[PDB]
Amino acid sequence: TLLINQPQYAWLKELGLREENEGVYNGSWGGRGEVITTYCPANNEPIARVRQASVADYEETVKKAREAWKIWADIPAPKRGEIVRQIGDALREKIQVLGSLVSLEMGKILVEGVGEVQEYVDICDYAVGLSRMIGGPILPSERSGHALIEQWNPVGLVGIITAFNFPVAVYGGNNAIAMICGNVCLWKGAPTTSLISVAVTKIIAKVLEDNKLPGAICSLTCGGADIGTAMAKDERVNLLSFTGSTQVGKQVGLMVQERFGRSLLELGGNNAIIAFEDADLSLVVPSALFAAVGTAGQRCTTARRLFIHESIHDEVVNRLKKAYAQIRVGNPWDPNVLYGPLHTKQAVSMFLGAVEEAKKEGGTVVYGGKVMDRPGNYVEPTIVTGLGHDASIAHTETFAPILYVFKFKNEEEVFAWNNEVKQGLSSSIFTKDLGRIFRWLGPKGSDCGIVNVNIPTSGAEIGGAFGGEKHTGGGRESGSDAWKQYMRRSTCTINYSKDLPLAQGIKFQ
């Protein structure tokens, strides 16, 4: 009954996967914890099994990673970059089958699974350049005969906890940067994407092994809240990068702060698109649809709030209706499918409860709102009108494809409505007004970490720092100087002179 035991899925063997897989890697492969079975959300058929990390597995792995760091931190950053370049090449070689596994185990369509691996590849190639660039300024000291330099050094062991919905590229972006910065990494992925975690780790392990480097530089301990909480409380985890829900991230951030650790938090979003009266509606309508229903509404940056000016609200909603009707639904591997299932049955129960709450909170379901009659966790992409902007269900992140539509009249109020929620990840306005565009980007504009113009809430690329404000947690990944989160700054004064301090009346010999 395991999919991996069917000849239809023998391609999984190109990733080194078997019926039962080792979920711990620290140079060697193991796993003494519970055996977890992951399921394909398009049909709820079991794929394969992974033995997770026990507490003893975790302790062994943290110890091995930290010993490996003594070797890794001594390797010049450009030479660390060369390792990451080879990881990028190893991913390219497997991009089709790795992408297919993301689609199989996670549920997003194949082009998005392939594209997520491509993003990991691209950030490896970016990090290769960074490995010759990271550092700080030499500054002019006010003291004659002294140097003043800003040094950056690795923090040590970087723990990386990741969510189900980007089960490759979040780890990859953290891993590529943390590596060139001279850190070792320990990955605990979402339990429901355990096979992806193993497969990616097998690819990296082979590159480390081929370069005669200890594999614990990129360690893996598959587990759930038990292992994740251990990482949050473990003083040996110098930086904990956590991508996940706000509810969990809040508690992790506390536990790290309690031990004076460092955290990088990438939490929830409740992202708004705003269409002003002057917007190109031929741009707004497709932008809102794809941002709202992409990955079946399971991106951190999914559009969940759509503010439309009064004079165009009805036309935009009607055009969005005629468009949603053409969303093509199927298995995420099926060619030319735009829309697959939700990741779990629990997300379906969350979807239904949200549609119900919205309907009872005064909203009207103008499209969707129902479960589809088919195997897997399929729900209709949903649009809801008539809610107040402060409706409770619209302030909540429901990780499903529900787009709440609101009317507005004026700029100042709709900017405030963007900002009024607790999340602060992504935000978008559609307009042609030069003045409004620069106010949106200024101090009285959007309060989010991603602030877009005429591109929806998923508009991001690896060149910029990625992350959100407020309850999204403040962390940044990928571009700009995000690399500084993975290193420690020191401000260093070097007296190279023979000058003695002033004696101040004291007689020194």
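Note that residue numbering follows the sequence shown and begins at 1.
Higher average CA B factor: 287-295, of the stretches 209-217 and 287-295. Note on 232-240 vs 77-85: mean CA B-factor is higher in 232-240. Reading the B-factor column for the CA atoms of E266, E119, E150, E357 in the entry, the top value corresponds to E357. The top Cα temperature factor in the record, among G435, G135, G129, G145, falls on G435.
Among the modelled residues of its chain, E67 has a C-alpha B-factor that falls in the middle third, as given in the PDB entry. Among the modelled residues of its chain, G159 has a C-alpha B-factor that falls in the lowest third, as given in the PDB entry.
In this PDB entry, the Cα temperature factor of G27 sits in the middle third of its chain's modelled residues.
Residue-level temperature factors show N43 in the highest third of its chain, judged at the C-alpha atom.
Sort the modelled residues of the chain by CA B factor and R262 lands in the middle third.
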